[PDB]
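return atomic coordinates for the entry below.
(chains A and B)
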Amino acid sequence: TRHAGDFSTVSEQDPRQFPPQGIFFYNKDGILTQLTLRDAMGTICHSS
Amino acid sequence: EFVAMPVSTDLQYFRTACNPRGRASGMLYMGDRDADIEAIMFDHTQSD
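Numbers count the residues shown, from 1 in each chain, chains lettered A, B, ... in the order given. The relevant structure is shown in the block below.
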């Protein structure tokens, strides 16, 4: 980090440490999109 | 005016201009047939 005390949460373990299970980005208008890993259940979950 | 709602709805949606029902409605969203409008509001079998 840059400054010890950034995004610190009240809980004793900052959940940012844990493995990230997704990603967000901006849409055609400027709104956050919520792309979750579970959306792979349509591509990698194939019979192939 | 007031309306009850769930508590686990995100703040992503309320930062930009949106509709209070949460289900995005409209009439400009289809223009070839007629039996397809009532479901743009009253059908949740489909997606938003």
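
what about the residue of chain A at minimum distance from chain B? Give its phi and psi, please.
Nearest to chain B, among the residues of chain A, is residue A:32, at 5.1 Å (CB to the nearest CB). The C-beta positions use only the backbone N, C-alpha and C, and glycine is treated the same way. When quoted as degrees, to the nearest 10, the phi and psi of residue A:32 stand at phi -70, psi 130.

same check on residue A:34?
phi -110, psi 100.

what's the neighbour count on it?
By the criterion of other CB atoms under 10 Å in any protein chain shown, residue A:34 has 11 neighbours.

please report phi then psi for residue B:42.
Residue torsions, per degrees, to the nearest 10, at residue B:42 are phi -100, psi 40.

quick revisit: which residues touch the residue of chain A closest to chain B?
A:24-26, B:12 (CB atoms under 8 Å, 6 or more residues apart in numbering or on different chains).

and it, bridged to which residues?
residue A:26 (DSSP bridges).

now do it against residue A:22, distance only.
12 Å (CB to CB, to the nearest Å).

and chain A, which residues reach chain B?
A:29-32, A:34 (CB under 8 Å from any CB of the partner chain).

tell me the one of the residues you listed nearest residue A:2?
residue A:32 (23.1 Å; CB to CB).

now do stretch B:37-48: distance to the chain's middle.
Distance, stretch centre to chain centre, for stretch B:37-48: 8 Å (CA atoms, centre = their mean, to the nearest Å).

what is the end-to-end distance of that stretch?
Between the opening and closing residues of stretch B:37-48 lies a distance of 14 Å (CA to CA, to the nearest Å).
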